[PDB]
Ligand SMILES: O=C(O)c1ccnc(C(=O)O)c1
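Presented below, as structure tokens, is a lone chain in the form deposited without pyridine-2,4-dicarboxylic acid.
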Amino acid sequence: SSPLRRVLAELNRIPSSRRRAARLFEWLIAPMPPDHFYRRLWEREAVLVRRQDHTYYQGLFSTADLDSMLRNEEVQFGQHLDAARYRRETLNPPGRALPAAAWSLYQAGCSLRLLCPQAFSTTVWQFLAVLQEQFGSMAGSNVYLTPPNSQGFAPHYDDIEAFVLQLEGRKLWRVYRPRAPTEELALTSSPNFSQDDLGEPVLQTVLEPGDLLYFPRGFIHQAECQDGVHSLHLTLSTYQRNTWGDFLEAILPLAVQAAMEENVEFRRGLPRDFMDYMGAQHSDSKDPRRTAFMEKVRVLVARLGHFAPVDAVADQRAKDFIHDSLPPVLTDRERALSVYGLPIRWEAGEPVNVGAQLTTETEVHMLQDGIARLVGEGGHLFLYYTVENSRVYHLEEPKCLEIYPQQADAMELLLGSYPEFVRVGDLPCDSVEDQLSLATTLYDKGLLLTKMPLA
């Protein structure tokens, strides 16, 4: 047993994918309640959870897992594994990362960074796939392996929300509040800093297996070796470029374009002579045409809010989130009740069970709650889905299927009413054949499950 294997068996038994995302996150920070965490701590404060349980994460990832993937899997330096010694010197021999070369670099003082553990570990995959569903943002991970008595990286801050889960050994972390207003919730990663750049840490602790450390983007952090032992931790990262400003970036051009098409005031010609009083050379001119020009800009910018296509941009963001998502991890029930667990197979020179079909009696809901998004584009409707994504980020292009207007209302019904079962024959389409057709298309793609297995 282990608290991790225990929460996973529980996850396997929770019917809603939405609820199992909430449960897993609750586990991640236990005993702190998530509502308190998100309202008071998320994006505001560094958080230490002292677990008092070295066993908490057992089974998530281990140095033994890393050793195994080095030999059994096609781990490449640069692409998958960084080896670094500390200024920062990257000792990446080009090519395959063999145990021989990796472990040799480690004995010589290099830290090992696995860039994509979810690509090679079914457990990390499941972990990130369920968690992405309650962030609404891609969730990545790196695993870090630090040898005994090695110098630590320079202090710096990142552009993502970080959760560090201490897996093996011990490490002394120092984290710092943003040092100036500009660095609070920073837009981009920092350069490396000198000790003399830093204030006092807001948080300093020796992390032990099972512990958790969270800090927002813009919080400087630094870590060093302890007690003559090694260190392994997994870092979980989210909220890359998931800002009110990023939403605004997409909204604005569309809003100006809408205001122009729909309001004459936006289509009126500039003054013939605004170049006489606007421009850097005129920055302290006391010309009242300049004051009037400025006001008119502010008035029009302000009115643009009425023209903001918020819903269409929400949908484009949802489309990109689908494209960024890890593919889903099916429960045993979900598998059994879907195309994936359907007993059609080759058996003694022939297939068996071919012909199993949906009927109007079949009861139906989406496989999971975070696998699909209906998006209207250039007059047409497309259901984008995650079920064919690779465990490698953007390895695949975005996948969709066209949803026809006769079946649009049924689709929104399915998306809106998970995990409630609905009869195929109760789907709001104009025809029986449109009901079956939508149901079959979705089931075949792996987007749907049936209340009982087919035939």
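Here the rigid core means the biggest group of C-alpha atoms that line up within 1.5 Å when the two forms are laid on top of each other. When you see a residue number, it is the position in the sequence shown, counting from 1.
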Do at least a third of the other compared PDB entries leave residue 355 without coordinates? yes
Missing from the model but present in the deposited sequence, between residue 86 and residue 87: 1 to 3
Do the C-alpha atoms of 428-436 or of 8-16 have the higher average B factor in the entry? 428-436
Name the higher of the two by mean Cα B-factor in the PDB entry, 395-403 versus 46-54. 395-403
Per the PDB entry, which option out of 204, 149, 134, 368 has the greatest Cα B factor? 149
With respect to the C-alpha temperature factors reported in the PDB entry, which of 104, 123, 142, 257 ranks highest? 104
For residue 421, return the chain-relative third of its C-alpha B-factor as stated in the PDB record: lowest, middle or highest. highest
Please place residue 330 in the lowest, middle or highest third of its chain according to the CA B-factor in the PDB entry. lowest
Chain third (lowest, middle, highest) by recorded CA B-factor, residue given as residue 350: middle
Is residue 336 in the lowest, middle or highest third of its chain when residues are ranked by C-alpha B-factor? lowest
Third assignment of residue 60 from its chain's C-alpha B-factors: middle
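Not on display, but discussed next: the form solved in complex with pyridine-2,4-dicarboxylic acid.
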Selected contact from 353, 240, 235, 79, since only one has a non-hydrogen atom within 4.5 angstroms of pyridine-2,4-dicarboxylic acid in the bound PDB entry: 235
pyridine-2,4-dicarboxylic acid: the contacting residue among 71, 333, 179, 156 in the bound PDB entry [heavy atom, 4.5 Å]: 156
Is residue 207 close to pyridine-2,4-dicarboxylic acid in the bound PDB entry, meaning a heavy atom pair under 4.5 Å apart or at it? no
Though only this chain appears here, would residue 223 touch pyridine-2,4-dicarboxylic acid in the bound PDB entry if you measure heavy atom gaps against 4.5 Å? yes
Residue contact check: residue 164 to pyridine-2,4-dicarboxylic acid in the bound PDB entry, 4.5 Å heavy atom: yes
Quick check on residue 173: any heavy atom within 4.5 Å of pyridine-2,4-dicarboxylic acid in the bound PDB entry? yes
Which of 241-249, 98-106, 306-314, 164-172 has heavy atoms within 4.5 Å of pyridine-2,4-dicarboxylic acid in the bound PDB entry? 164-172
After superposing the two forms on their rigid core, pick out the one entry in 345, 286, 272, 267 with a CA shift of 2 Å or more between this form and the one not shown. 345
Take the rigid core as the frame of reference and indicate whether the C-alpha of residue 153 shifts by 2 Å or more between this form and the one not shown. yes
Cα separation of residue 346 and residue 389 in the bound PDB entry versus here, shift of 3 Å or more: farther
Using the form shown as baseline, tell whether residue 345 and residue 389 are closer or farther in Cα-Cα distance in the bound PDB entry, where the change reaches 3 Å or more. farther
